[PDB]
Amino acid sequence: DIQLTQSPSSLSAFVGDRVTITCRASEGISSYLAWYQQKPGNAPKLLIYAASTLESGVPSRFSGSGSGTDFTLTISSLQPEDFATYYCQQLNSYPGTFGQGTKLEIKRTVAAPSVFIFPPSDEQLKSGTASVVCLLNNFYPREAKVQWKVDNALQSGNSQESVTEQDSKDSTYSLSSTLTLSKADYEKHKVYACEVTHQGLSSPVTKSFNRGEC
């Protein structure tokens, strides 16, 4: 089968910037490639077809080039309405594989997150489960690492994360991670912590608590 590698995963840019999105097919697919734009909550919109043909109605700033394995989508002068996810698609054979996508986000200065940790509430413990929450607030770029530690044992497989959409006013992200344990497991340990790794931090930040206000 044909694999399409779309790069980068995310791209940071300003209104007026020239942006290039890359797509690499595992084999020569000549000009059987399309480019789509998708905004959250919306259907994809065709931008370029047959690798370099601009779809009718699409603005001139969008252009595609390439034939064979290496393709590129160029946006010569970003407009406010171009911050969206972009996808390449091979039209050479079934199943018409789409690329992984490139989210085009607003460029901003680096902002370190403010880290907060929340123990499970007494109300939640009564029902048998403990959710421990770690908040990484208003940071930039999106790339952040959250490491949970319970009595200094690095936890893997019992946490889930969620990130907000880039903020319309300060262009930052926020992230919430939840560590879920049973009440019985929660009471077998004392030190609960989340260690945060980010470009805006000179070294990792750890917020912790001792079970029982200890």
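Counting begins at 1, following the sequence as shown.
- Higher mean CA B-factor, judged across 9-17 and 188-196 from the recorded values: 9-17.
- A summary of the deposited B-factors shows that, of 59-67 and 169-177, the stretch with the larger mean C-alpha value is 59-67.
- Residues shown: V133, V115, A130, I75. Highest C-alpha temperature factor in the entry: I75.
- In this entry, the residue among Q79, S121, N138, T97 with the greatest C-alpha B factor is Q79.
- When the CA B factors of the chain's modelled residues are split into thirds, the value for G157 lands in the lowest one.
- For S26, the recorded CA temperature factor ranks within the highest third of the chain's modelled residues.
- Remark: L54 belongs to the highest third of its chain, ranked by C-alpha B-factor as recorded.
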